[PDB]
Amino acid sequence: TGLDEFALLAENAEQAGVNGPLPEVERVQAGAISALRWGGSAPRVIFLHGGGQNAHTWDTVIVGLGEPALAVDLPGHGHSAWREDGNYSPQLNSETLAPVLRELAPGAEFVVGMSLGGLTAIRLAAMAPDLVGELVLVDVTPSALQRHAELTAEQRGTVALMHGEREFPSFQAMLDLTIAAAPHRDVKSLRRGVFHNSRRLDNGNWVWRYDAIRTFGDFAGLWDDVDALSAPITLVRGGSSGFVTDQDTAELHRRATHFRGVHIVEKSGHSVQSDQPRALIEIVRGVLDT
(Lines of atoms letter the chains of each structure in order from A and count residues from 1; the text may use other names and numbers.)
(Lines give C-alpha, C1' and ligand atoms only; values in the text may rest on other atoms or scores of the structure.)
Protein backbone atom coordinates (compact mmCIF):
# COMPACT_ATOMS: atom_id res chain seq x y z
CA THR A 1 0.00 0.00 0.00
CA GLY A 2 1.09 3.69 -0.02
CA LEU A 3 0.11 3.92 3.69
CA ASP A 4 2.58 5.64 6.06
CA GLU A 5 3.62 3.55 9.13
CA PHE A 6 1.80 6.01 11.52
CA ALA A 7 -1.51 6.02 9.51
CA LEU A 8 -3.33 3.50 11.88
CA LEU A 9 -2.50 5.11 15.25
CA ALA A 10 -6.21 6.11 15.84
CA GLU A 11 -6.93 2.29 15.91
CA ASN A 12 -4.27 1.93 18.67
CA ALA A 13 -5.78 4.82 20.71
CA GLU A 14 -9.31 3.16 20.43
CA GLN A 15 -7.86 -0.31 21.45
CA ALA A 16 -6.21 1.46 24.45
CA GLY A 17 -9.55 3.24 25.25
CA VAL A 18 -7.92 6.72 25.22
CA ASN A 19 -8.99 9.79 23.22
CA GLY A 20 -7.39 13.10 22.33
CA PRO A 21 -4.47 14.04 20.11
CA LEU A 22 -2.06 11.22 19.21
CA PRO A 23 1.47 11.51 20.70
CA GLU A 24 4.46 12.56 18.49
CA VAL A 25 6.40 9.56 17.08
CA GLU A 26 9.25 9.15 14.55
CA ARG A 27 11.58 6.36 13.41
CA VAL A 28 15.24 6.71 14.55
CA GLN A 29 18.34 4.69 13.51
CA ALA A 30 21.91 4.21 14.78
CA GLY A 31 23.62 1.78 12.41
CA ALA A 32 22.21 -1.77 12.70
CA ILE A 33 19.26 -0.72 15.05
CA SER A 34 15.99 1.07 14.06
CA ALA A 35 13.51 2.23 16.76
CA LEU A 36 10.29 4.24 17.20
CA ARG A 37 10.81 7.26 19.50
CA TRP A 38 7.54 8.42 21.15
CA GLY A 39 6.82 11.76 22.83
CA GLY A 40 10.15 13.54 21.96
CA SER A 41 13.90 12.91 22.54
CA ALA A 42 13.92 11.95 26.37
CA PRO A 43 12.42 8.42 26.67
CA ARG A 44 11.36 7.20 30.18
CA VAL A 45 10.77 3.53 29.08
CA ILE A 46 12.45 1.16 26.63
CA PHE A 47 10.28 -1.60 25.09
CA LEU A 48 11.77 -4.75 23.44
CA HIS A 49 9.40 -6.95 21.37
CA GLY A 50 9.42 -10.75 20.96
CA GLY A 51 10.67 -13.14 18.28
CA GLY A 52 8.83 -12.59 14.98
CA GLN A 53 7.55 -9.13 16.14
CA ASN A 54 8.65 -5.48 15.63
CA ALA A 55 8.52 -2.23 17.61
CA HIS A 56 4.90 -1.54 16.46
CA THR A 57 3.73 -4.43 18.77
CA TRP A 58 3.97 -1.76 21.51
CA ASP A 59 1.88 1.01 19.76
CA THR A 60 -1.31 0.40 21.82
CA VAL A 61 0.53 0.13 25.14
CA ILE A 62 2.70 3.23 24.42
CA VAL A 63 -0.33 5.32 23.23
CA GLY A 64 -2.32 4.26 26.35
CA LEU A 65 0.50 4.83 28.81
CA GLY A 66 1.15 8.40 27.50
CA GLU A 67 4.87 8.36 28.50
CA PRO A 68 7.92 9.23 26.33
CA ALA A 69 9.33 5.86 25.16
CA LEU A 70 11.72 4.04 22.77
CA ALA A 71 10.41 0.89 21.09
CA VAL A 72 13.37 -0.82 19.50
CA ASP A 73 13.50 -3.17 16.50
CA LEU A 74 15.66 -6.14 17.63
CA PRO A 75 18.33 -7.30 15.13
CA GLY A 76 16.67 -9.30 12.39
CA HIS A 77 13.29 -7.55 12.89
CA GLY A 78 11.33 -4.45 11.84
CA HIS A 79 13.76 -2.04 10.09
CA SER A 80 16.82 -3.26 12.07
CA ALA A 81 19.60 -4.96 9.97
CA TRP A 82 19.45 -8.76 9.41
CA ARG A 83 22.53 -10.93 10.16
CA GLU A 84 23.62 -13.50 7.52
CA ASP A 85 24.43 -15.94 10.46
CA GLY A 86 20.67 -15.84 11.42
CA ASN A 87 21.55 -15.32 15.14
CA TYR A 88 19.34 -13.12 17.35
CA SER A 89 20.54 -14.43 20.77
CA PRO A 90 19.70 -12.21 23.74
CA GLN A 91 23.51 -11.85 24.32
CA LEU A 92 24.24 -10.69 20.66
CA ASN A 93 21.07 -8.43 20.71
CA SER A 94 22.29 -6.83 23.95
CA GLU A 95 25.85 -6.20 22.55
CA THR A 96 24.41 -4.40 19.44
CA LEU A 97 21.76 -2.48 21.52
CA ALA A 98 23.70 -1.16 24.55
CA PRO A 99 25.65 1.68 22.80
CA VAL A 100 22.51 2.71 20.82
CA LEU A 101 20.42 2.86 24.04
CA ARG A 102 23.23 4.89 25.71
CA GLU A 103 22.84 7.37 22.78
CA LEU A 104 18.99 7.34 22.28
CA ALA A 105 17.58 6.48 25.81
CA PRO A 106 20.24 7.23 28.48
CA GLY A 107 17.69 8.40 31.10
CA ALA A 108 15.13 5.53 30.76
CA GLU A 109 15.27 3.65 34.12
CA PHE A 110 12.52 1.07 33.04
CA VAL A 111 12.87 -1.70 30.39
CA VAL A 112 9.87 -3.76 29.32
CA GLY A 113 10.73 -6.83 27.24
CA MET A 114 8.49 -9.55 25.83
CA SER A 115 9.88 -13.12 25.19
CA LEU A 116 13.27 -12.70 23.26
CA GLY A 117 13.03 -8.99 24.20
CA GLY A 118 12.72 -9.82 27.93
CA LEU A 119 15.91 -12.00 27.89
CA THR A 120 17.63 -9.18 25.88
CA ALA A 121 16.63 -6.86 28.76
CA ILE A 122 18.16 -9.21 31.35
CA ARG A 123 21.51 -9.21 29.45
CA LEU A 124 21.37 -5.37 29.12
CA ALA A 125 20.67 -5.00 32.90
CA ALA A 126 23.74 -7.20 33.61
CA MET A 127 26.21 -5.59 31.15
CA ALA A 128 24.87 -1.98 31.51
CA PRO A 129 23.53 -1.49 35.08
CA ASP A 130 23.81 2.39 35.27
CA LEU A 131 21.07 2.38 32.51
CA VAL A 132 18.41 -0.23 33.70
CA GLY A 133 16.74 0.69 37.02
CA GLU A 134 13.82 -1.79 36.68
CA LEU A 135 12.86 -4.78 34.40
CA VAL A 136 9.37 -5.88 33.34
CA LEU A 137 9.45 -9.33 31.67
CA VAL A 138 6.40 -10.18 29.53
CA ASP A 139 5.59 -13.94 29.57
CA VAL A 140 9.21 -15.22 29.65
CA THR A 141 12.05 -16.52 31.86
CA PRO A 142 15.44 -17.95 30.69
CA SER A 143 14.12 -21.52 31.30
CA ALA A 144 10.82 -20.86 29.42
CA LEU A 145 12.46 -19.58 26.21
CA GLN A 146 15.10 -22.42 26.40
CA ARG A 147 12.19 -24.97 26.41
CA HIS A 148 10.58 -23.16 23.35
CA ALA A 149 13.98 -23.08 21.50
CA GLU A 150 14.40 -26.88 22.12
CA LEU A 151 10.86 -27.73 20.74
CA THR A 152 11.33 -25.60 17.56
CA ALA A 153 14.95 -26.73 16.79
CA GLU A 154 14.17 -29.54 14.19
CA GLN A 155 11.97 -27.12 12.13
CA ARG A 156 14.43 -24.13 12.49
CA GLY A 157 16.94 -26.73 11.08
CA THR A 158 14.65 -27.74 8.12
CA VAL A 159 13.61 -24.15 7.18
CA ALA A 160 17.39 -23.21 7.33
CA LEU A 161 17.73 -25.57 4.25
CA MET A 162 15.08 -23.75 2.11
CA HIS A 163 17.06 -20.51 1.28
CA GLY A 164 13.82 -18.99 -0.12
CA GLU A 165 12.75 -16.33 2.47
CA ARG A 166 9.20 -17.19 1.09
CA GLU A 167 7.06 -14.77 -1.02
CA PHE A 168 3.24 -14.29 -0.82
CA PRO A 169 0.80 -13.62 -3.66
CA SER A 170 -1.12 -11.07 -1.54
CA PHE A 171 -1.39 -9.23 1.79
CA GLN A 172 -4.54 -11.39 2.46
CA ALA A 173 -2.41 -14.63 2.32
CA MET A 174 -0.18 -13.34 5.17
CA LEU A 175 -3.36 -12.25 7.03
CA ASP A 176 -4.85 -15.82 6.45
CA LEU A 177 -1.76 -17.37 8.15
CA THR A 178 -2.08 -14.93 11.14
CA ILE A 179 -5.86 -15.59 11.38
CA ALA A 180 -5.11 -19.39 11.30
CA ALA A 181 -2.71 -18.98 14.31
CA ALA A 182 -5.15 -16.76 16.35
CA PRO A 183 -8.69 -17.01 14.88
CA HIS A 184 -10.51 -15.72 18.03
CA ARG A 185 -8.66 -12.32 17.81
CA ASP A 186 -10.30 -9.25 16.18
CA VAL A 187 -9.18 -9.29 12.52
CA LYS A 188 -8.70 -5.45 12.39
CA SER A 189 -6.06 -5.87 15.21
CA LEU A 190 -4.52 -8.85 13.30
CA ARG A 191 -4.52 -6.85 9.97
CA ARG A 192 -2.72 -3.91 11.71
CA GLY A 193 -0.09 -6.33 13.09
CA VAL A 194 0.51 -7.91 9.64
CA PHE A 195 0.71 -4.43 7.94
CA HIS A 196 3.63 -3.43 10.32
CA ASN A 197 5.30 -6.88 10.14
CA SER A 198 5.23 -7.15 6.32
CA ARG A 199 6.11 -5.21 3.09
CA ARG A 200 5.14 -5.29 -0.65
CA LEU A 201 7.90 -6.15 -3.24
CA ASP A 202 7.92 -4.23 -6.60
CA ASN A 203 7.01 -7.63 -8.24
CA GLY A 204 3.60 -7.27 -6.41
CA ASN A 205 4.33 -10.13 -3.89
CA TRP A 206 4.61 -9.63 -0.05
CA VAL A 207 7.29 -10.76 2.50
CA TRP A 208 7.75 -10.71 6.33
CA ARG A 209 10.00 -7.93 7.71
CA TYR A 210 11.59 -10.42 10.17
CA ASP A 211 14.38 -12.92 9.39
CA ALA A 212 13.60 -16.57 10.11
CA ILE A 213 15.52 -17.11 13.43
CA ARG A 214 17.69 -20.09 12.61
CA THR A 215 19.02 -19.84 16.20
CA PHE A 216 18.64 -18.31 19.80
CA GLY A 217 21.43 -18.60 22.43
CA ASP A 218 23.04 -19.32 25.95
CA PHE A 219 20.97 -19.68 29.13
CA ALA A 220 23.32 -20.88 32.00
CA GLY A 221 25.12 -17.53 31.33
CA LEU A 222 21.71 -15.81 31.33
CA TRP A 223 20.87 -17.28 34.83
CA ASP A 224 24.33 -15.99 36.01
CA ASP A 225 23.19 -12.53 34.77
CA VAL A 226 19.89 -12.87 36.82
CA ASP A 227 22.02 -13.86 39.90
CA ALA A 228 24.18 -10.68 39.41
CA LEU A 229 21.52 -8.02 38.31
CA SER A 230 20.44 -5.50 40.99
CA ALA A 231 17.47 -4.18 38.88
CA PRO A 232 14.13 -5.37 40.38
CA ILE A 233 12.23 -7.80 38.11
CA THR A 234 8.43 -7.87 37.59
CA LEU A 235 6.97 -10.73 35.56
CA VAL A 236 3.71 -10.48 33.60
CA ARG A 237 2.17 -13.79 32.52
CA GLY A 238 -0.68 -14.48 30.14
CA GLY A 239 -3.33 -16.46 32.11
CA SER A 240 -4.08 -18.51 28.92
CA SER A 241 -0.34 -18.92 28.13
CA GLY A 242 1.42 -22.19 29.08
CA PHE A 243 4.74 -20.61 28.06
CA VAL A 244 5.83 -19.84 31.64
CA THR A 245 5.11 -22.51 34.35
CA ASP A 246 4.65 -22.01 38.12
CA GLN A 247 8.06 -23.72 38.57
CA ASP A 248 9.55 -21.20 36.03
CA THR A 249 8.16 -18.33 38.18
CA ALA A 250 9.50 -19.85 41.41
CA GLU A 251 12.97 -20.36 39.78
CA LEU A 252 12.97 -16.68 38.77
CA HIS A 253 12.00 -15.66 42.35
CA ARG A 254 14.82 -17.78 43.89
CA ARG A 255 17.59 -16.47 41.52
CA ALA A 256 16.56 -12.75 41.23
CA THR A 257 18.00 -10.39 43.90
CA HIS A 258 14.62 -8.50 43.84
CA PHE A 259 11.56 -10.25 42.33
CA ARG A 260 8.48 -7.94 42.70
CA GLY A 261 6.02 -10.75 41.82
CA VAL A 262 4.07 -12.12 38.85
CA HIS A 263 0.93 -10.46 37.48
CA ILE A 264 -1.28 -13.02 35.78
CA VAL A 265 -3.42 -11.37 33.04
CA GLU A 266 -6.73 -13.18 32.53
CA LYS A 267 -7.65 -14.07 28.88
CA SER A 268 -4.14 -13.22 27.48
CA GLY A 269 -1.90 -15.55 25.51
CA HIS A 270 1.91 -15.10 25.27
CA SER A 271 1.71 -11.66 23.53
CA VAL A 272 0.09 -9.79 26.46
CA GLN A 273 0.69 -6.44 24.66
CA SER A 274 -1.43 -7.77 21.73
CA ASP A 275 -4.19 -9.67 23.65
CA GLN A 276 -4.75 -7.45 26.78
CA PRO A 277 -2.88 -4.14 26.25
CA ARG A 278 -5.17 -2.20 28.68
CA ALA A 279 -4.30 -4.62 31.52
CA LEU A 280 -0.57 -4.31 30.58
CA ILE A 281 -0.75 -0.45 30.56
CA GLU A 282 -2.08 -0.51 34.19
CA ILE A 283 0.71 -2.85 35.34
CA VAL A 284 3.44 -0.79 33.60
CA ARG A 285 1.87 2.44 34.98
CA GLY A 286 2.10 0.83 38.50
CA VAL A 287 5.83 0.07 38.07
CA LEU A 288 6.42 3.70 36.96
CA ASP A 289 4.51 4.52 40.28
CA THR A 290 2.77 7.17 38.11
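A residue's number is simply how far along the shown sequence it sits, counting from 1.
Taking only CA atoms, the mean B-factor in the PDB entry is higher for 200 to 208 than for the other of 178 to 186 and 200 to 208.
Across the two stretches, 39 to 47 and 23 to 31, the PDB entry reports the greater mean Cα temperature factor for 39 to 47. In this entry, the residue among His163, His79, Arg192, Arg147 with the greatest C-alpha B factor is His163. Taking the deposited Cα B-factors for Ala126, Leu74, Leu101, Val140, the highest one is held by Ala126. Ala13 sits in the middle third of its chain by CA B factor, as recorded in the PDB entry.
Among the modelled residues of its chain, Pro90 has a C-alpha B-factor that falls in the middle third, as given in the PDB entry.
Per-chain ranking of the deposited C-alpha B factor places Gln247 in the middle third. Ranked within its chain, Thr234 lands in the lowest third, by CA B factor from the PDB record. In the deposited entry, the Cα temperature factor of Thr257 sits in the top third of values across the chain's modelled residues.
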